$ cat run.cif   # mmCIF, N, CA and C atoms
data_structure
#
loop_
_atom_site.label_atom_id
_atom_site.label_comp_id
_atom_site.auth_asym_id
_atom_site.auth_seq_id
_atom_site.Cartn_x
_atom_site.Cartn_y
_atom_site.Cartn_z
N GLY A 1 59.33 217.14 -26.04
CA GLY A 1 60.72 217.59 -26.12
C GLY A 1 60.85 219.01 -25.61
N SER A 2 62.03 219.61 -25.80
CA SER A 2 62.30 220.99 -25.41
C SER A 2 63.41 221.56 -26.29
N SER A 3 64.63 221.03 -26.19
CA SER A 3 65.76 221.48 -27.00
C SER A 3 65.60 221.08 -28.48
N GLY A 4 66.57 221.43 -29.32
CA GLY A 4 66.45 221.29 -30.77
C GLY A 4 65.66 222.47 -31.32
N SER A 5 65.12 222.33 -32.53
CA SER A 5 64.41 223.37 -33.28
C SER A 5 65.33 224.55 -33.60
N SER A 6 65.88 224.57 -34.82
CA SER A 6 66.58 225.71 -35.44
C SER A 6 67.40 226.58 -34.48
N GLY A 7 68.68 226.27 -34.29
CA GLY A 7 69.63 227.11 -33.57
C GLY A 7 71.03 226.88 -34.12
N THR A 8 71.89 227.89 -34.04
CA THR A 8 73.21 227.92 -34.67
C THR A 8 74.23 228.53 -33.68
N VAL A 9 75.49 228.76 -34.09
CA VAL A 9 76.43 229.60 -33.36
C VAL A 9 77.33 230.30 -34.39
N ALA A 10 77.29 231.63 -34.44
CA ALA A 10 78.05 232.46 -35.36
C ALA A 10 79.52 232.61 -34.94
N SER A 11 80.15 231.53 -34.47
CA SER A 11 81.53 231.54 -34.00
C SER A 11 82.45 232.09 -35.10
N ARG A 12 83.40 232.93 -34.70
CA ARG A 12 84.43 233.56 -35.53
C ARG A 12 85.52 234.04 -34.56
N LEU A 13 86.78 234.09 -34.98
CA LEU A 13 87.86 234.63 -34.14
C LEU A 13 87.66 236.14 -33.97
N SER A 14 88.22 236.72 -32.91
CA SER A 14 88.38 238.16 -32.74
C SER A 14 89.56 238.44 -31.80
N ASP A 15 89.79 239.70 -31.44
CA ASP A 15 90.72 240.10 -30.38
C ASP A 15 90.28 239.43 -29.08
N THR A 16 91.19 238.79 -28.35
CA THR A 16 90.85 238.00 -27.17
C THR A 16 90.17 238.86 -26.10
N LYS A 17 90.59 240.11 -25.89
CA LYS A 17 89.91 240.99 -24.94
C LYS A 17 88.46 241.17 -25.38
N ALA A 18 88.23 241.56 -26.64
CA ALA A 18 86.88 241.71 -27.18
C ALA A 18 86.09 240.39 -27.14
N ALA A 19 86.74 239.26 -27.43
CA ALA A 19 86.12 237.97 -27.66
C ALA A 19 85.56 237.34 -26.39
N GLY A 20 86.04 237.73 -25.20
CA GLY A 20 85.45 237.31 -23.94
C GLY A 20 84.09 237.97 -23.76
N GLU A 21 84.05 239.29 -23.95
CA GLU A 21 82.81 240.06 -24.00
C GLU A 21 81.88 239.48 -25.06
N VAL A 22 82.34 239.28 -26.30
CA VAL A 22 81.52 238.72 -27.38
C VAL A 22 81.01 237.33 -27.02
N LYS A 23 81.81 236.43 -26.42
CA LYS A 23 81.31 235.11 -26.06
C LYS A 23 80.15 235.27 -25.08
N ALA A 24 80.34 236.10 -24.06
CA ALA A 24 79.30 236.37 -23.09
C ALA A 24 78.06 236.98 -23.76
N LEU A 25 78.22 237.93 -24.68
CA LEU A 25 77.11 238.49 -25.45
C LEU A 25 76.37 237.38 -26.19
N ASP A 26 77.10 236.46 -26.80
CA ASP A 26 76.57 235.41 -27.66
C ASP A 26 75.79 234.39 -26.85
N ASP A 27 76.41 233.94 -25.76
CA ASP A 27 75.88 232.91 -24.90
C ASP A 27 74.61 233.44 -24.25
N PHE A 28 74.65 234.72 -23.85
CA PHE A 28 73.52 235.50 -23.38
C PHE A 28 72.43 235.53 -24.45
N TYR A 29 72.73 236.06 -25.65
CA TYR A 29 71.71 236.26 -26.69
C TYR A 29 71.02 234.99 -27.13
N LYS A 30 71.77 233.90 -27.17
CA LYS A 30 71.22 232.57 -27.38
C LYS A 30 70.03 232.36 -26.45
N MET A 31 70.26 232.52 -25.15
CA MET A 31 69.23 232.34 -24.14
C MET A 31 68.15 233.41 -24.30
N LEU A 32 68.50 234.65 -24.66
CA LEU A 32 67.54 235.73 -24.82
C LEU A 32 66.44 235.38 -25.83
N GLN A 33 66.80 234.66 -26.90
CA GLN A 33 65.85 234.08 -27.84
C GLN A 33 65.07 232.97 -27.13
N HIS A 34 65.79 231.95 -26.67
CA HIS A 34 65.27 230.73 -26.07
C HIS A 34 64.54 230.98 -24.75
N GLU A 35 65.26 231.04 -23.63
CA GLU A 35 64.72 231.24 -22.29
C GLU A 35 65.37 232.47 -21.64
N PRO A 36 64.76 233.66 -21.74
CA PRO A 36 65.25 234.84 -21.06
C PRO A 36 65.11 234.72 -19.53
N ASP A 37 64.48 233.65 -19.02
CA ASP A 37 64.56 233.30 -17.60
C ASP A 37 66.02 233.15 -17.18
N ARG A 38 66.91 232.70 -18.08
CA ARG A 38 68.35 232.66 -17.81
C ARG A 38 69.11 233.87 -18.39
N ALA A 39 68.46 234.90 -18.93
CA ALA A 39 69.12 236.01 -19.62
C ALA A 39 68.49 237.34 -19.21
N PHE A 40 69.04 237.94 -18.16
CA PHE A 40 68.50 239.15 -17.55
C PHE A 40 69.16 240.38 -18.16
N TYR A 41 68.40 241.42 -18.47
CA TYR A 41 68.97 242.71 -18.82
C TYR A 41 68.18 243.86 -18.21
N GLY A 42 68.80 245.04 -18.21
CA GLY A 42 68.28 246.17 -17.50
C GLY A 42 68.68 246.05 -16.04
N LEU A 43 69.30 247.11 -15.52
CA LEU A 43 69.86 247.23 -14.18
C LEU A 43 69.01 246.50 -13.13
N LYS A 44 67.71 246.80 -13.07
CA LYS A 44 66.80 246.25 -12.07
C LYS A 44 66.78 244.72 -12.11
N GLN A 45 66.66 244.15 -13.30
CA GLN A 45 66.64 242.70 -13.44
C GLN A 45 67.94 242.15 -12.86
N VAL A 46 69.08 242.59 -13.37
CA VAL A 46 70.40 242.20 -12.92
C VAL A 46 70.54 242.33 -11.38
N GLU A 47 70.06 243.41 -10.76
CA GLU A 47 70.08 243.57 -9.30
C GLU A 47 69.31 242.45 -8.59
N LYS A 48 68.25 241.92 -9.21
CA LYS A 48 67.45 240.79 -8.72
C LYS A 48 68.18 239.47 -8.94
N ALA A 49 68.76 239.27 -10.11
CA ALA A 49 69.62 238.11 -10.35
C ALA A 49 70.79 238.03 -9.37
N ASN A 50 71.32 239.18 -8.93
CA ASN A 50 72.38 239.23 -7.93
C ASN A 50 71.87 238.70 -6.59
N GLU A 51 70.65 239.05 -6.16
CA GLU A 51 70.01 238.50 -4.96
C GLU A 51 69.90 236.97 -5.04
N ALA A 52 69.68 236.45 -6.25
CA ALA A 52 69.56 235.02 -6.54
C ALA A 52 70.92 234.33 -6.62
N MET A 53 72.02 235.06 -6.47
CA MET A 53 73.40 234.61 -6.70
C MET A 53 73.60 233.96 -8.08
N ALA A 54 72.65 234.13 -8.99
CA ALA A 54 72.51 233.31 -10.18
C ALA A 54 73.43 233.75 -11.30
N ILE A 55 74.16 234.85 -11.14
CA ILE A 55 74.89 235.51 -12.20
C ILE A 55 76.16 234.70 -12.48
N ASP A 56 76.14 234.04 -13.64
CA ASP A 56 77.31 233.39 -14.23
C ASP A 56 78.28 234.49 -14.67
N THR A 57 77.84 235.33 -15.60
CA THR A 57 78.65 236.35 -16.23
C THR A 57 77.80 237.61 -16.35
N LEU A 58 78.35 238.76 -15.98
CA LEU A 58 77.70 240.06 -15.95
C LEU A 58 78.30 240.93 -17.05
N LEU A 59 77.45 241.45 -17.94
CA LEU A 59 77.82 242.28 -19.07
C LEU A 59 77.51 243.74 -18.70
N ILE A 60 78.40 244.68 -19.02
CA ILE A 60 78.09 246.10 -18.96
C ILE A 60 78.96 246.82 -19.99
N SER A 61 78.40 247.81 -20.69
CA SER A 61 79.20 248.73 -21.48
C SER A 61 80.03 249.59 -20.54
N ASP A 62 81.32 249.76 -20.84
CA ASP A 62 82.20 250.58 -20.02
C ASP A 62 81.65 252.00 -19.92
N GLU A 63 81.01 252.53 -20.97
CA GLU A 63 80.43 253.87 -20.85
C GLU A 63 79.39 253.98 -19.73
N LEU A 64 78.74 252.89 -19.31
CA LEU A 64 77.84 252.88 -18.16
C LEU A 64 78.63 252.64 -16.88
N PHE A 65 79.67 251.79 -16.93
CA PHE A 65 80.64 251.60 -15.86
C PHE A 65 81.33 252.91 -15.46
N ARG A 66 81.31 253.94 -16.31
CA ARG A 66 81.85 255.25 -16.04
C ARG A 66 80.86 256.31 -16.54
N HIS A 67 79.59 256.14 -16.15
CA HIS A 67 78.53 257.12 -16.40
C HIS A 67 78.87 258.43 -15.69
N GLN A 68 78.39 259.56 -16.21
CA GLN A 68 78.64 260.88 -15.64
C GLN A 68 77.91 261.08 -14.30
N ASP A 69 76.65 260.64 -14.22
CA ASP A 69 75.79 260.89 -13.07
C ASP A 69 76.21 259.95 -11.95
N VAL A 70 76.64 260.49 -10.82
CA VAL A 70 77.23 259.73 -9.73
C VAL A 70 76.29 258.62 -9.28
N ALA A 71 75.00 258.88 -9.02
CA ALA A 71 74.06 257.87 -8.55
C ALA A 71 73.95 256.71 -9.56
N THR A 72 73.69 257.04 -10.83
CA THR A 72 73.66 256.09 -11.94
C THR A 72 74.95 255.27 -12.00
N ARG A 73 76.11 255.94 -12.02
CA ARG A 73 77.39 255.25 -12.05
C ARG A 73 77.48 254.30 -10.85
N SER A 74 77.24 254.81 -9.65
CA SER A 74 77.31 254.09 -8.39
C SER A 74 76.60 252.75 -8.49
N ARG A 75 75.36 252.73 -8.98
CA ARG A 75 74.54 251.52 -9.10
C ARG A 75 75.30 250.47 -9.89
N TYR A 76 75.70 250.81 -11.11
CA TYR A 76 76.44 249.90 -11.95
C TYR A 76 77.72 249.41 -11.28
N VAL A 77 78.59 250.29 -10.75
CA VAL A 77 79.87 249.84 -10.18
C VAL A 77 79.64 248.98 -8.94
N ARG A 78 78.66 249.35 -8.11
CA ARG A 78 78.27 248.61 -6.92
C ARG A 78 77.83 247.22 -7.32
N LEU A 79 76.90 247.12 -8.27
CA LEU A 79 76.39 245.86 -8.78
C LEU A 79 77.52 245.02 -9.37
N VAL A 80 78.41 245.63 -10.16
CA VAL A 80 79.58 244.97 -10.73
C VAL A 80 80.40 244.30 -9.62
N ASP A 81 80.84 245.06 -8.61
CA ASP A 81 81.69 244.51 -7.56
C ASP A 81 80.91 243.48 -6.74
N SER A 82 79.61 243.70 -6.54
CA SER A 82 78.73 242.79 -5.83
C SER A 82 78.47 241.48 -6.59
N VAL A 83 78.74 241.40 -7.90
CA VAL A 83 78.76 240.13 -8.62
C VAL A 83 80.08 239.42 -8.34
N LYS A 84 81.21 240.14 -8.25
CA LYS A 84 82.47 239.52 -7.85
C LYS A 84 82.32 238.97 -6.44
N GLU A 85 81.63 239.69 -5.54
CA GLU A 85 81.31 239.20 -4.21
C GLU A 85 80.52 237.88 -4.27
N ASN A 86 79.64 237.72 -5.26
CA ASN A 86 78.85 236.50 -5.49
C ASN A 86 79.61 235.49 -6.38
N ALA A 87 80.91 235.69 -6.59
CA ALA A 87 81.82 234.88 -7.40
C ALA A 87 81.40 234.73 -8.87
N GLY A 88 80.53 235.60 -9.39
CA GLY A 88 80.25 235.67 -10.82
C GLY A 88 81.43 236.28 -11.58
N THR A 89 81.37 236.21 -12.91
CA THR A 89 82.33 236.82 -13.83
C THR A 89 81.81 238.20 -14.23
N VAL A 90 82.71 239.11 -14.59
CA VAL A 90 82.41 240.47 -15.04
C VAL A 90 83.03 240.64 -16.43
N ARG A 91 82.32 241.35 -17.32
CA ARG A 91 82.67 241.53 -18.72
C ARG A 91 82.49 243.01 -19.06
N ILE A 92 83.55 243.66 -19.53
CA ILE A 92 83.59 245.10 -19.74
C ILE A 92 83.55 245.36 -21.24
N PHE A 93 82.40 245.81 -21.74
CA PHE A 93 82.14 245.95 -23.16
C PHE A 93 82.61 247.34 -23.58
N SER A 94 82.93 247.49 -24.86
CA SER A 94 83.35 248.76 -25.43
C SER A 94 82.23 249.38 -26.23
N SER A 95 82.17 250.71 -26.25
CA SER A 95 81.27 251.39 -27.17
C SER A 95 81.66 251.02 -28.61
N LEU A 96 82.97 250.87 -28.87
CA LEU A 96 83.58 250.73 -30.19
C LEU A 96 83.11 249.45 -30.89
N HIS A 97 83.32 248.32 -30.21
CA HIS A 97 83.06 247.00 -30.76
C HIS A 97 81.55 246.85 -30.96
N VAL A 98 81.11 246.14 -32.00
CA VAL A 98 79.68 246.04 -32.33
C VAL A 98 78.88 245.46 -31.16
N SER A 99 79.52 244.67 -30.30
CA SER A 99 78.93 244.13 -29.10
C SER A 99 78.37 245.22 -28.16
N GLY A 100 78.76 246.49 -28.31
CA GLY A 100 78.26 247.63 -27.56
C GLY A 100 76.90 248.06 -28.09
N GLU A 101 76.79 248.36 -29.39
CA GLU A 101 75.50 248.68 -30.01
C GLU A 101 74.51 247.52 -29.85
N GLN A 102 75.03 246.29 -29.79
CA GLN A 102 74.24 245.11 -29.51
C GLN A 102 73.60 245.27 -28.13
N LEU A 103 74.44 245.46 -27.10
CA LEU A 103 74.02 245.62 -25.71
C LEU A 103 73.06 246.78 -25.53
N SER A 104 73.13 247.82 -26.37
CA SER A 104 72.25 248.99 -26.30
C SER A 104 70.77 248.63 -26.38
N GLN A 105 70.42 247.60 -27.14
CA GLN A 105 69.07 247.05 -27.24
C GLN A 105 68.58 246.46 -25.91
N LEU A 106 69.49 246.36 -24.94
CA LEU A 106 69.35 245.76 -23.62
C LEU A 106 69.90 246.75 -22.58
N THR A 107 69.74 248.05 -22.85
CA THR A 107 70.17 249.18 -22.02
C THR A 107 71.66 249.20 -21.69
N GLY A 108 72.47 248.46 -22.45
CA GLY A 108 73.91 248.32 -22.30
C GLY A 108 74.31 247.58 -21.02
N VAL A 109 73.40 246.82 -20.38
CA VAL A 109 73.70 246.16 -19.11
C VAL A 109 72.87 244.87 -18.98
N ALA A 110 73.53 243.72 -18.81
CA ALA A 110 72.88 242.41 -18.75
C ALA A 110 73.68 241.42 -17.89
N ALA A 111 73.21 240.18 -17.74
CA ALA A 111 73.95 239.08 -17.14
C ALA A 111 73.31 237.74 -17.52
N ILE A 112 74.15 236.73 -17.70
CA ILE A 112 73.77 235.34 -17.91
C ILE A 112 73.52 234.74 -16.54
N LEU A 113 72.57 233.82 -16.47
CA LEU A 113 72.18 233.15 -15.25
C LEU A 113 72.45 231.66 -15.37
N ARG A 114 72.84 231.05 -14.26
CA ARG A 114 73.16 229.62 -14.14
C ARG A 114 71.91 228.75 -14.08
N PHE A 115 70.80 229.34 -13.65
CA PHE A 115 69.51 228.72 -13.51
C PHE A 115 68.48 229.82 -13.77
N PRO A 116 67.27 229.45 -14.21
CA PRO A 116 66.21 230.39 -14.49
C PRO A 116 65.77 231.01 -13.17
N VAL A 117 65.99 232.31 -13.00
CA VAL A 117 65.60 233.03 -11.80
C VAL A 117 64.06 232.92 -11.68
N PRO A 118 63.51 232.77 -10.47
CA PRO A 118 62.07 232.62 -10.25
C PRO A 118 61.32 233.96 -10.39
N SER A 119 61.31 234.51 -11.60
CA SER A 119 60.51 235.65 -12.03
C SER A 119 59.93 235.46 -13.44
N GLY A 120 60.11 234.29 -14.06
CA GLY A 120 59.60 233.98 -15.40
C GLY A 120 60.47 234.56 -16.52
N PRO A 121 60.06 234.38 -17.79
CA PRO A 121 60.90 234.65 -18.94
C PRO A 121 60.93 236.14 -19.27
N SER A 122 59.82 236.62 -19.82
CA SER A 122 59.57 237.96 -20.32
C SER A 122 58.05 238.13 -20.25
N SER A 123 57.53 239.31 -20.57
CA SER A 123 56.13 239.62 -20.39
C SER A 123 55.60 240.47 -21.54
N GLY A 124 54.29 240.62 -21.57
CA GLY A 124 53.51 241.52 -22.40
C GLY A 124 52.27 241.88 -21.61
#
$ encode --input "run.cif" --output "structure tokens"
Amino acid sequence: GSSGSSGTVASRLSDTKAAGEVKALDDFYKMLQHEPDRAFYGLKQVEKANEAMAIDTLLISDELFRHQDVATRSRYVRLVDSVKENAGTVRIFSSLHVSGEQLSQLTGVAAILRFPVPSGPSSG
């Protein structure tokens, strides 16, 4: 087998603007436990998933979307628009909503993948 074995969904209502980001966070985190081959985080990984056109939905904290350092900011905004170029979805997270401190464990920048990108799950 493969699927099954202890999994849930903490579904609850929220503000619809927040709840799109939260759904993407949730759907992402599900995979992050299961198969992080479909759940990329950290700018570099996401930039590789963009080459793969594999990005279903791209997560970023708005504070990174408007980083102070021009080069740092540039990367994120470039990658963001370049996912729209690849017809992926974009999700703008808030520092305020708990989904921001959540994303912080993942450098505040991630994306869900439609297929497991050919770089494997995670490493040690």
$ closest_residue --input "run.cif" --among "A:32, A:43, A:49, A:10" --to "residue A:113" --atoms "only C-alpha atoms"
A:49
$ residues_around --input "run.cif" --residues "residue A:18" --least-positions-apart "6" --cutoff "9 Å" --atoms "only C-alpha atoms" --output "ChimeraX atom specification"
/A:92-94,97,99
$ select_by_dssp --input "run.cif" --residues "stretch 81-116 of chain A" --states "helix (DSSP H, G or I)" --output "number ranges by chain"
A: 81-85, 98-104
$ write_last_selection --input "run.cif" --atoms "N, CA and C atoms" --output "mmCIF file, in the frame of the given file"
data_model
loop_
_atom_site.group_PDB
_atom_site.id
_atom_site.type_symbol
_atom_site.label_atom_id
_atom_site.label_comp_id
_atom_site.auth_asym_id
_atom_site.auth_seq_id
_atom_site.Cartn_x
_atom_site.Cartn_y
_atom_site.Cartn_z
ATOM 1 N N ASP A 81 80.840 245.060 -8.610
ATOM 2 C CA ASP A 81 81.690 244.510 -7.560
ATOM 3 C C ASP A 81 80.910 243.480 -6.740
ATOM 4 N N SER A 82 79.610 243.700 -6.540
ATOM 5 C CA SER A 82 78.730 242.790 -5.830
ATOM 6 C C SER A 82 78.470 241.480 -6.590
ATOM 7 N N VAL A 83 78.740 241.400 -7.900
ATOM 8 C CA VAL A 83 78.760 240.130 -8.620
ATOM 9 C C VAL A 83 80.080 239.420 -8.340
ATOM 10 N N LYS A 84 81.210 240.140 -8.250
ATOM 11 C CA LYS A 84 82.470 239.520 -7.850
ATOM 12 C C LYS A 84 82.320 238.970 -6.440
ATOM 13 N N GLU A 85 81.630 239.690 -5.540
ATOM 14 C CA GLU A 85 81.310 239.200 -4.210
ATOM 15 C C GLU A 85 80.520 237.880 -4.270
ATOM 16 N N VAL A 98 81.110 246.140 -32.000
ATOM 17 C CA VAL A 98 79.680 246.040 -32.330
ATOM 18 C C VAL A 98 78.880 245.460 -31.160
ATOM 19 N N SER A 99 79.520 244.670 -30.300
ATOM 20 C CA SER A 99 78.930 244.130 -29.100
ATOM 21 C C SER A 99 78.370 245.220 -28.160
ATOM 22 N N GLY A 100 78.760 246.490 -28.310
ATOM 23 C CA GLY A 100 78.260 247.630 -27.560
ATOM 24 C C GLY A 100 76.900 248.060 -28.090
ATOM 25 N N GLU A 101 76.790 248.360 -29.390
ATOM 26 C CA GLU A 101 75.500 248.680 -30.010
ATOM 27 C C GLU A 101 74.510 247.520 -29.850
ATOM 28 N N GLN A 102 75.030 246.290 -29.790
ATOM 29 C CA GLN A 102 74.240 245.110 -29.510
ATOM 30 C C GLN A 102 73.600 245.270 -28.130
ATOM 31 N N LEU A 103 74.440 245.460 -27.100
ATOM 32 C CA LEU A 103 74.020 245.620 -25.710
ATOM 33 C C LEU A 103 73.060 246.780 -25.530
ATOM 34 N N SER A 104 73.130 247.820 -26.370
ATOM 35 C CA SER A 104 72.250 248.990 -26.300
ATOM 36 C C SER A 104 70.770 248.630 -26.380
#
$ atom_distance --input "run.cif" --atom1 "atom CA of residue A:31" --atom2 "atom CA of residue A:112"
8.3 Å
$ resolve_selection --input "run.cif" --expression "the PyMOL selection byres ((chain A and resi 59) around 8)" --output "ChimeraX atom specification"
/A:21,24-25,56-58,60-62,89-93,108-112
$ select_by_dssp --input "run.cif" --residues "chain A" --states "strand (DSSP E or B)" --output "PyMOL selection string"
chain A and resi 39-41+55-61+89-93+109-113
$ write_last_selection --input "run.cif" --atoms "N, CA and C atoms" --output "PDB file, in the coordinates of the input"
ATOM      1  N   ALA A  39      68.460 234.900 -18.930  1.00  0.00           N
ATOM      2  CA  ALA A  39      69.120 236.010 -19.620  1.00  0.00           C
ATOM      3  C   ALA A  39      68.490 237.340 -19.210  1.00  0.00           C
ATOM      4  N   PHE A  40      69.040 237.940 -18.160  1.00  0.00           N
ATOM      5  CA  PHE A  40      68.500 239.150 -17.550  1.00  0.00           C
ATOM      6  C   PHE A  40      69.160 240.380 -18.160  1.00  0.00           C
ATOM      7  N   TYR A  41      68.400 241.420 -18.470  1.00  0.00           N
ATOM      8  CA  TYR A  41      68.970 242.710 -18.820  1.00  0.00           C
ATOM      9  C   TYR A  41      68.180 243.860 -18.210  1.00  0.00           C
ATOM     10  N   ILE A  55      74.160 234.850 -11.140  1.00  0.00           N
ATOM     11  CA  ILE A  55      74.890 235.510 -12.200  1.00  0.00           C
ATOM     12  C   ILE A  55      76.160 234.700 -12.480  1.00  0.00           C
ATOM     13  N   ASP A  56      76.140 234.040 -13.640  1.00  0.00           N
ATOM     14  CA  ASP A  56      77.310 233.390 -14.230  1.00  0.00           C
ATOM     15  C   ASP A  56      78.280 234.490 -14.670  1.00  0.00           C
ATOM     16  N   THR A  57      77.840 235.330 -15.600  1.00  0.00           N
ATOM     17  CA  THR A  57      78.650 236.350 -16.230  1.00  0.00           C
ATOM     18  C   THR A  57      77.800 237.610 -16.350  1.00  0.00           C
ATOM     19  N   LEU A  58      78.350 238.760 -15.980  1.00  0.00           N
ATOM     20  CA  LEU A  58      77.700 240.060 -15.950  1.00  0.00           C
ATOM     21  C   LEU A  58      78.300 240.930 -17.050  1.00  0.00           C
ATOM     22  N   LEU A  59      77.450 241.450 -17.940  1.00  0.00           N
ATOM     23  CA  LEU A  59      77.820 242.280 -19.070  1.00  0.00           C
ATOM     24  C   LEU A  59      77.510 243.740 -18.700  1.00  0.00           C
ATOM     25  N   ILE A  60      78.400 244.680 -19.020  1.00  0.00           N
ATOM     26  CA  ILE A  60      78.090 246.100 -18.960  1.00  0.00           C
ATOM     27  C   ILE A  60      78.960 246.820 -19.990  1.00  0.00           C
ATOM     28  N   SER A  61      78.400 247.810 -20.690  1.00  0.00           N
ATOM     29  CA  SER A  61      79.200 248.730 -21.480  1.00  0.00           C
ATOM     30  C   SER A  61      80.030 249.590 -20.540  1.00  0.00           C
ATOM     31  N   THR A  89      81.370 236.210 -12.910  1.00  0.00           N
ATOM     32  CA  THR A  89      82.330 236.820 -13.830  1.00  0.00           C
ATOM     33  C   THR A  89      81.810 238.200 -14.230  1.00  0.00           C
ATOM     34  N   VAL A  90      82.710 239.110 -14.590  1.00  0.00           N
ATOM     35  CA  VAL A  90      82.410 240.470 -15.040  1.00  0.00           C
ATOM     36  C   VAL A  90      83.030 240.640 -16.430  1.00  0.00           C
ATOM     37  N   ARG A  91      82.320 241.350 -17.320  1.00  0.00           N
ATOM     38  CA  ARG A  91      82.670 241.530 -18.720  1.00  0.00           C
ATOM     39  C   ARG A  91      82.490 243.010 -19.060  1.00  0.00           C
ATOM     40  N   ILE A  92      83.550 243.660 -19.530  1.00  0.00           N
ATOM     41  CA  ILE A  92      83.590 245.100 -19.740  1.00  0.00           C
ATOM     42  C   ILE A  92      83.550 245.360 -21.240  1.00  0.00           C
ATOM     43  N   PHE A  93      82.400 245.810 -21.740  1.00  0.00           N
ATOM     44  CA  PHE A  93      82.140 245.950 -23.160  1.00  0.00           C
ATOM     45  C   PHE A  93      82.610 247.340 -23.580  1.00  0.00           C
ATOM     46  N   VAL A 109      73.400 246.820 -20.380  1.00  0.00           N
ATOM     47  CA  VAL A 109      73.700 246.160 -19.110  1.00  0.00           C
ATOM     48  C   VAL A 109      72.870 244.870 -18.980  1.00  0.00           C
ATOM     49  N   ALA A 110      73.530 243.720 -18.810  1.00  0.00           N
ATOM     50  CA  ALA A 110      72.880 242.410 -18.750  1.00  0.00           C
ATOM     51  C   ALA A 110      73.680 241.420 -17.890  1.00  0.00           C
ATOM     52  N   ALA A 111      73.210 240.180 -17.740  1.00  0.00           N
ATOM     53  CA  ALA A 111      73.950 239.080 -17.140  1.00  0.00           C
ATOM     54  C   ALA A 111      73.310 237.740 -17.520  1.00  0.00           C
ATOM     55  N   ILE A 112      74.150 236.730 -17.700  1.00  0.00           N
ATOM     56  CA  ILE A 112      73.770 235.340 -17.910  1.00  0.00           C
ATOM     57  C   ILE A 112      73.520 234.740 -16.540  1.00  0.00           C
ATOM     58  N   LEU A 113      72.570 233.820 -16.470  1.00  0.00           N
ATOM     59  CA  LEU A 113      72.180 233.150 -15.250  1.00  0.00           C
ATOM     60  C   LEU A 113      72.450 231.660 -15.370  1.00  0.00           C
TER      61      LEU A 113
END
$ resolve_selection --input "run.cif" --expression "the PyMOL selection byres (((chain A and resi 115 and name CA) around 12) and name CA)" --output "PyMOL selection string"
chain A and resi 31+35-40+49+52-56+111-114+116-121
$ atom_distance --input "run.cif" --atom1 "atom CA of residue A:3" --atom2 "atom C of residue A:23"
20.0 Å
$ atom_distance --input "run.cif" --atom1 "atom CA of residue A:83" --atom2 "atom CA of residue A:11"
26.9 Å
$ residues_around --input "run.cif" --residues "residue A:50" --least-positions-apart "6" --cutoff "8 Å" --atoms "all atoms listed in the file" --output "ChimeraX atom specification"
/A:44,79,82-83,86
$ closest_residue --input "run.cif" --among "A:85, A:80, A:48, A:95" --to "residue A:63" --atoms "only C-alpha atoms"
A:95
$ closest_residue --input "run.cif" --among "A:51, A:122, A:41, A:46" --to "residue A:106" --atoms "all atoms listed in the file"
A:41
$ build_atoms --input "run.cif" --residues "stretch 37-46 of chain A" --atoms "N, CA, C and O atoms" --output "compact mmCIF listing (two decimals), keeping the file's coordinate frame"
# COMPACT_ATOMS: atom_id res chain seq x y z
N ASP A 37 64.48 233.65 -19.02
CA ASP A 37 64.56 233.30 -17.60
C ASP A 37 66.02 233.15 -17.18
O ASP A 37 66.34 233.46 -16.03
N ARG A 38 66.91 232.70 -18.08
CA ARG A 38 68.35 232.66 -17.81
C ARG A 38 69.11 233.87 -18.39
O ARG A 38 70.34 233.85 -18.36
N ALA A 39 68.46 234.90 -18.93
CA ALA A 39 69.12 236.01 -19.62
C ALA A 39 68.49 237.34 -19.21
O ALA A 39 67.54 237.81 -19.82
N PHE A 40 69.04 237.94 -18.16
CA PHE A 40 68.50 239.15 -17.55
C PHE A 40 69.16 240.38 -18.16
O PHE A 40 70.39 240.41 -18.27
N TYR A 41 68.40 241.42 -18.47
CA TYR A 41 68.97 242.71 -18.82
C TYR A 41 68.18 243.86 -18.21
O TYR A 41 67.05 243.71 -17.76
N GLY A 42 68.80 245.04 -18.21
CA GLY A 42 68.28 246.17 -17.50
C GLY A 42 68.68 246.05 -16.04
O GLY A 42 68.43 245.03 -15.40
N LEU A 43 69.30 247.11 -15.52
CA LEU A 43 69.86 247.23 -14.18
C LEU A 43 69.01 246.50 -13.13
O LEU A 43 69.53 245.66 -12.41
N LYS A 44 67.71 246.80 -13.07
CA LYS A 44 66.80 246.25 -12.07
C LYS A 44 66.78 244.72 -12.11
O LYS A 44 66.86 244.08 -11.06
N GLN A 45 66.66 244.15 -13.30
CA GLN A 45 66.64 242.70 -13.44
C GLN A 45 67.94 242.15 -12.86
O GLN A 45 67.94 241.33 -11.95
N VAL A 46 69.08 242.59 -13.37
CA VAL A 46 70.40 242.20 -12.92
C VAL A 46 70.54 242.33 -11.38
O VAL A 46 71.05 241.40 -10.75
